[PDB]
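To start, the structure under review is shown below, and the notes come after it.
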Amino acid sequence: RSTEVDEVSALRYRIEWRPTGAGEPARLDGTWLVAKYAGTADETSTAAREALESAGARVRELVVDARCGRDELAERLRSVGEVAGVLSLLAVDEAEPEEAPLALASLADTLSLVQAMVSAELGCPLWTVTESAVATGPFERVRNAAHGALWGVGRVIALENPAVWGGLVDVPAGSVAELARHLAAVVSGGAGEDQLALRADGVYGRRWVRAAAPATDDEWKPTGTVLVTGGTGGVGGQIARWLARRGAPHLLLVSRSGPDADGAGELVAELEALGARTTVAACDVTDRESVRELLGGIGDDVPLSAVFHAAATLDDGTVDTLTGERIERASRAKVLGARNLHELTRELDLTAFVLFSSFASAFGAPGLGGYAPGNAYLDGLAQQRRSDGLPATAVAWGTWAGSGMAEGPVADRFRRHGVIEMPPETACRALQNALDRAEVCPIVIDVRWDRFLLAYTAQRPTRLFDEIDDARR
Amino acid sequence: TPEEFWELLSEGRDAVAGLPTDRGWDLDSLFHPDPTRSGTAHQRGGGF
């Protein structure tokens, strides 16, 4: 018939787990670290001991507890010698701090281990095991997104220093056979692969897949109250203008200060002329009591229909000397706010649900290690909602052409290799198309593939960017 | 081989894992909260 949509058609990308083969079994010697922690002693200890002694690896038992700084563990690691393997078992069969889900002991502990190893002048890959952190298909169910945050931060660390990371395997919870049948085929596999997910038959790896744009005719009802967090906040104001040009008598453009932050005259004039009196905000979002107040502020008729969590709590993502508590306090608003909205809208009927994440979480660019845990948590929450039957979306977005706060020297660095920019006008129709075809976690970013390859490959071999022929340049 | 089939019968297991991924199926829009939506399946597994 016609397309005329080549830009958005080439703008779409996915993440999928193609089946993978095996590497090379090894019969080698070396002091293998196990990081047994304090309460992690389980059948995994016996399995690892037996397997490593069969492979000849010297299982180096170690006991670790809550954050111990980043020096003493390095000092005790200097007293054993060269460690040829580390099996991070810290995240298995562990609950989560529901009060502060972003603040987990596992991420801080493993970051301290990474820093100590860096100070330990060893340079051994740190292999980590997860339990249902990722799904190779919607038929599976994910029970935690903090493990996804660990995945993202580990990928960021891998992109930071090649010699320290390597190994992010996934094992189903309460399983023995998946580890038993592969073992050295993955932990000592010669073939370069890191996003391993052991499951039943074989293994899988995260891979980039360009999506398609089948024709559709549905469209979400433009009217109805819509919650848009972050207030004006640049991108948020542009989305508000887009909604006004679509037509909505009432919405909710929540900011931390709402009208007291900016207020503006042009924004309210547009919202009134194109639409009608649209409530802005009365309080913040990071507090559950604030969510209760916002719920109490809801009137009658034209009820809530969509939620666009465009949080503006992003400050920085540079690793340097990170701490888990620092990441938690830097990303309080988006995680706690998203959790509050999820729990407060369990029974309420909604038309759309957009977490509105960002890019640099699929690959984890350097200097953006703080946004990745939040993006992973949003993606996990969206997956939980979709598997539970409730609508959700986990769009990941790049840098806007008119983004005043989200475009600077780092945007110039991305411009000099890879993405140049993207006009926000096309973002509206891209979002409409994504919402049309029941999408969950779509990727909308344009990439100059040759520059991206020459800036990304460098010294780390990776098969993640291999399944797309347009990236052969 | 038939011998492997007999072994499986003897140990008494099942071969239900999930939908494949090599055939290039969409695998995403195959399900929805509404079961009456066109192009939606119901089975989340099976032996393939």
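Here, each number is a calculation from the coordinates, and none is a lab measurement. Positions of Cβ are generated from backbone atoms using ideal geometry, with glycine treated the same way; all protein chains shown enter the neighbour counts.
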Please provide three numbers in whole Å: the alpha-carbon extents of the protein assembly as shown along the principal axes, with the largest listed first.
75, 59, 47
Counted charge near A:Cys283, where neighbours are those whose Cβ lies closer than 13 Å (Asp, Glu -1; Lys, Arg +1)
-2
With the cut-off at 17 Å, report for region A:150-240 the share of all Cα pairs above it, as a whole percent.
69
Each residue of region A:409-421 in order: what ³J(HN,Hα) in whole Hz does its phi give by Karplus 6.51 cos²θ - 1.76 cosθ + 1.60, θ = phi - 60°, with x for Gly and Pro?
x, 5, 4, 5, 5, 5, 5, 5, 7, x, 5, 8, 5
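So what is the relative contact order of chain A, in percent, for Cα pairs below 8 Å that sit 6 or more residues apart?
Working: 865 pairs, mean separation 79.2, N = 473.
The normalised contact order for chain A reaches 17 percent.
Report, to one decimal in Å, the Kirkwood hydrodynamic radius for chain B based on all distinct Cα pairs.
13.3 Å is the Kirkwood radius here.
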Bridge orientation stat for chain A from DSSP, antiparallel percent rounded to 5, came to 30
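Based on the Kirkwood radius over alpha-carbon pairs, what is the Stokes-Einstein translational diffusion coefficient of region A:1-42 at 25 °C with 0.890 mPa s viscosity, in µm²/s? Intermediate values should be presented prior to the final figure.
Numbers: Rh = 17.1 Å.
Stokes-Einstein gives a translational diffusion coefficient of 144 µm²/s.
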